[PDB]
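As structure tokens, one chain now follows by itself in the form deposited in one PDB entry.
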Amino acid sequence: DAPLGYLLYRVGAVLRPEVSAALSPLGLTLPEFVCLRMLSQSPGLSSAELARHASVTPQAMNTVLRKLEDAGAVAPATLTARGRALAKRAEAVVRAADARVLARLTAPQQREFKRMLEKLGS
């Protein structure tokens, strides 16, 4: 059939607009959410390793970090209460987008599929 990369690509092409439209009314972009979640799971890290874990340039991560400081999400930076709440609601919303693309599969199919994706990386 079609190359594996093509299929991953098409699933990504379905997923990313949904995640974008979902994050949009929260005042968040996709990279900003990435940063949110990284700092929410690993508090305290500096900007450089943030950029290293998200495969972006330090300047992009600093732009994001300033947008999040100005928004009162972050204060060797770390998260604040507003940042935690924002992270929660963002997480929930992207999970909703996830459910909405994964809905073409039955629930068992979903579980097994996530196991398989989990395995193919690792």
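Residue positions are given as counts along the sequence shown, with the first one as 1. Definition used throughout: the rigid core is the maximal C-alpha set that superposes within 1.5 Å between two forms. Only residues modelled in both forms are compared.
The same protein also has a form deposited in another entry, omitted here; what follows describes it.
*Asks:* How about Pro25 - superposed on the rigid core, does its CA move between this form and the one not shown by 2 Å or more?
*Replies:* No, the C-alpha moves less than 2 Å.
*Asks:* Core-aligned, is the CA shift for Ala99 between this form and the one not shown 2 angstroms or more?
*Replies:* The answer is no; the displacement is under 2 Å.
*Asks:* After fitting the rigid core, is the C-alpha of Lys114 off by 2 Å or more between this form and the one not shown?
*Replies:* Yes, shifts by 2 Å or more.
*Asks:* Relative to the superposed rigid core, which consecutive-residue segments of length 3 or more display CA displacements of 2 Å or more between this form and the one not shown?
*Replies:* When the rigid core is held fixed, residues 1-4, 104-122 are the runs that shift.
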